[PDB]
Each structure stands twice: as structure tokens, then as C-alpha cells.
């Protein structure tokens, strides 16, 4: 991985030593990016609802994961499950139990730095994974993208700046998340997020991530070409909000 500082350096070293799991997957992969495009053709707002108990930006809640997932199943285009343990209080069991309980596509969100974490996502039932450009070298990113595709996944390649975007397009990403949060500093910049969105080709499936709480922002981003919206904190604190956000 890259040489980082602060909490990201810590989470990367933790991830390198993450013990892998063993299990026989039950259901074939179902595509999150393809379901997003189907929602777009149906003119249904496509929200990826995220389950996370804690975050470095101060979220700290307890909520039953299965009850949350079963509620979201009616409304969300997919789910994102945090599996990072130290900063997000996620776990592999959380992913396994949620995947075993819903039929919509599931994204495992963690700090993937080694192939066995993709093995873990597959064996636990996830349909895809996030790969974060700013924690990986270009060579690692290309290799992990190919590895995930060899299972039948289309990973969400996450970008925050123009250097990240250059890499993501160069390596052939087809499913890009544009996060407004710089994970190193926790700073939110929506202007920069909109700039990057405008630089992505129309045939790439685009997901806006971080800081979304209001239907007005979803509408404005949809007008700019965003295909789907990854929303965590606001839904973890008031799950029923997704109903208003999709209206």
C-alpha cells in the first residue's frame, strides 16, 4: 500500500494483518452497478444504504444490523456494510449475517490492501467491494481490480482528488465512487466532488458518497450525471429518511 500518516496509516497496517475467513458461498453474485443502471432506466432514485456503527467523524450508535438491512431491502438499490473493526466497529460476522438475510446487492466497505480481503468478501456473501485509490499504488489497484473481477465482481473504485481520478480511469474503472470526504483529514469539499464528477465519462457508473442528508442535494447531483448515492450516517441515525430521499 501507500505510505500514509495518522489514522489511515494505522488502519492500513491493521488491514495487512486482518485474518481471513473460510466459508462456502451460497448465492451467485448479483451486480450492484447493473441494478443501479436499471433503477436509472426506471427513474427510481438509487440509494446504497450503509450500515456502520462508528466512524472517525464521530458516529457512535448501536442498531441491530438485520433489522436495519431488512428495512432497507424494500427501498435501497444495495447495501454497503462496513467491515473495518477499529474505527468503524464493523465485523465480518456483521457482513455474513446481513448477506444471509437480504436479496439485494451488497458492497463490502473496508480498507482492502491484500487479496485475502477480497476472498473474505466473496466467502461472506458480498457482491462487490470498494477499492480506495488513495491507499493503494497504481500497480496494486490494477491487480486487485482484476482479482475482484475474476470472482465476477465489479468493484467500486473510490476517488477524492484529480490524481485519484487519473489513476481510476487509466486502470479501466467502470464503477467509480466520488467521495466528498478526504479520509485523511475528514474535510468535506462538495465543489471538488462536483468537479470530479464532471470529468468522468458518461458510460462510467458514478456514485456520490459522503455527507448526503437531503433530497435537494440528491436531485442536483442526479442532474449532473450521478447514478447512485451512498448514504450512511443520516440513515443510521434515522432509517425512515430513505423513504423521503427516494421520493
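Positions refer to the first chain, counted from 1.
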**Asked** Would 156-164 or 97-105 have the larger average of its C-alpha temperature factors, as given in the entry?
**Response** 97-105
**Request:** Would you mind comparing 43-51 and 210-218 for me and telling me which has the higher average C-alpha temperature factor in the entry?
**Result:** 210-218
**Prompt:** Going by the entry, which of 32, 61, 178, 205 has the most elevated CA B factor?
**Reply:** 61
**Out of 227, 13, 233, 20, residue topping the C-alpha B-factor column of the entry** = 13
**Complete:** On the chain's distribution of Cα B-factors, residue 89 falls within the third called middle
**Request:** Consider only the C-alpha atoms of the modelled residues in this chain, order them by B-factor as the entry records it, and name the third containing residue 169: lowest, middle or highest.
**Result:** middle
**Request:** Looking at the entry's B-factor column for C-alpha atoms only, identify whether residue 36 ranks in the lowest, middle or highest third of its chain.
**Result:** lowest
**Request:** State the tercile, meaning the lowest, middle or highest third, of residue 137 with respect to the CA B-factors recorded for its chain.
**Result:** highest
**Prompt:** Among the modelled residues of its chain, does the C-alpha B-factor of residue 182 lie in the lowest, middle or highest third?
**Reply:** lowest
